[PDB]
Amino acid sequence: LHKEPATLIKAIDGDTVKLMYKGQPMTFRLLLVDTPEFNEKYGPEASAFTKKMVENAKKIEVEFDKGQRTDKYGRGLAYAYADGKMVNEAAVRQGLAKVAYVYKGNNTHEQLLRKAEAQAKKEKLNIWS
Ligand SMILES: Cc1cn([C@H]2C[C@H](OP(=O)(O)O)[C@@H](COP(=O)(O)O)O2)c(=O)[nH]c1=O
Ligand SMILES: [Ca+2]
């Protein structure tokens, strides 16, 4: 896979963010994860975690997987990086996202993220407390 440039337009919630990619505004949905909705338990904490990570980054990048690059709602589907650190992984590692929505052929980082979930669960963090 390849990292590509993007810039933050606006944080949205734990697993979606609005970015400018190739000069166009897009909502991105993070691959392979599910955060609680803002209205649910840990939702506000997941939103705040992803907001801080993307707002504090000097450099945002997106990395598309091998399959679909957009979903049925027109959201980009990607791995997002903040100063080199994967947001999708970091939210799972802190127990603020579950591994989810693992579709065949857009699942390059599945094992990396399942290892992060196992660690968060062993630590009883957040969702796993
Ligand atoms: C993450 C992901 C979500 N989606 C779709 C499945 C779900 O459809 P439904 O809306 O019909 O439930 C929705 C979940 O996104 P949210 O968790 O952002 O609600 O997005 C994909 O199609 N591909 C993906 O990789
Ligand atoms: Ca969600």
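Residues: numbered from 1 along the sequence shown.
- Counting only heavy atoms from C-beta outward, the side chains of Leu1 and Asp65 approach each other to under 4.5 Å.
- Summarising the geometry, atom CD1 belonging to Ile60 is positioned 10.0 Å from atom CD belonging to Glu55; distances are rounded to the nearest 0.5 Å.
- Between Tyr42 atom OH and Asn126 atom CG the span is 5.5 Å, to the nearest 0.5 Å.
- When the side chains of ILVMFWY residues are joined at heavy-atom separations under 4.5 Å, either directly or via intervening members, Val33 and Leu112 end up in a single hydrophobic cluster.
- Rounding to the nearest 0.5 angstrom, the gap separating the CG atom in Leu125 from the CG atom in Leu96 is 7.5 Å.
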Show your working on salt bridge (charged side-chain N to carboxylate O under 4.0 Å, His left out) between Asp13 and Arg29 and close with a plain yes or no. CA-CA 10 Å; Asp13 75 359; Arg29 175 64 166 82; over 6 Å; no
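- Summarising the geometry of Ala11 relative to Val54, their closest heavy-atom pair is CB-CG2, 4.5 Å, with the distance given to 0.1 Å.
- At a threshold of 4.5 Å between non-hydrogen side-chain atoms, the residues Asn88 and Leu32 do not count as touching.
- Put simply, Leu8 and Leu77 are part of the same group of oily side chains (I, L, V, M, F, W, Y) that touch within less than 4.5 Å, one to the next.
- Summarising the geometry of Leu30 relative to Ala80, their closest heavy-atom pair is CD2-CB, 3.7 Å, with the distance given to 0.1 Å.
- In this structure, CD in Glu4 is found 12.0 Å from CG in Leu19, a value given to the nearest 0.5 Å.
- Here the closest heavy-atom approach between residue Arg75 and residue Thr16 is recorded as NH1-CG2, 3.8 Å.
- Remark: of the listed residues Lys51, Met53, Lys52, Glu45, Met53 is the sole one forming a side-chain contact (heavy atoms from CB on, under 4.5 Å) with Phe49.
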Using side chain to side chain contact (heavy atoms under 4.5 Å, CB included), reason through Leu31 and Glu63 one step at a time and then give a plain yes or no. CA-CA 10 Å; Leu31 282 170; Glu63 178 182 58; over 6 Å; no
Could you walk me through whether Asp15 and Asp34 pass the side chain to side chain contact (heavy atoms under 4.5 Å, CB included) test, one step at a time? CA-CA 7 Å; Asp15 59 22; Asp34 191 37; 3.6 Å; yes
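- Under the 4.5 Å side-chain contact rule for hydrophobic residues, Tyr79 and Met20 do not share a cluster.
- Heavy-atom minimum distance, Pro36 versus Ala46: CD-CB, 4.2 Å.
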Pairs under 3.5 angstrom only: tabulate donor-acceptor contacts from the side chains of residues 97-107 to other protein residues two or more places apart or in another chain.
from	atom 1	to	atom 2	distance (Å)
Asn106	OD1	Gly67	N	2.8
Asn106	ND2	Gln68	O	2.9
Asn107	ND2	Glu110	OE1	3.1

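- Using cut-offs of 30° and 60° for the angle between ring planes, the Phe64 and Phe28 rings count as tilted.
- Between the CG atom of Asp83 and the CD atom of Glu61 there is a distance of 8.5 Å, given to the nearest 0.5 Å.
- A side-chain contact (heavy atoms from CB on, under 4.5 Å) with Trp128 is found for exactly one of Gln119, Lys122, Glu117, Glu123, namely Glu117.
- Of the charged side-chain nitrogens involved, none lies within less than 4.0 Å of a carboxylate oxygen, so that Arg93 and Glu89 do not count as a salt-bridged pair.
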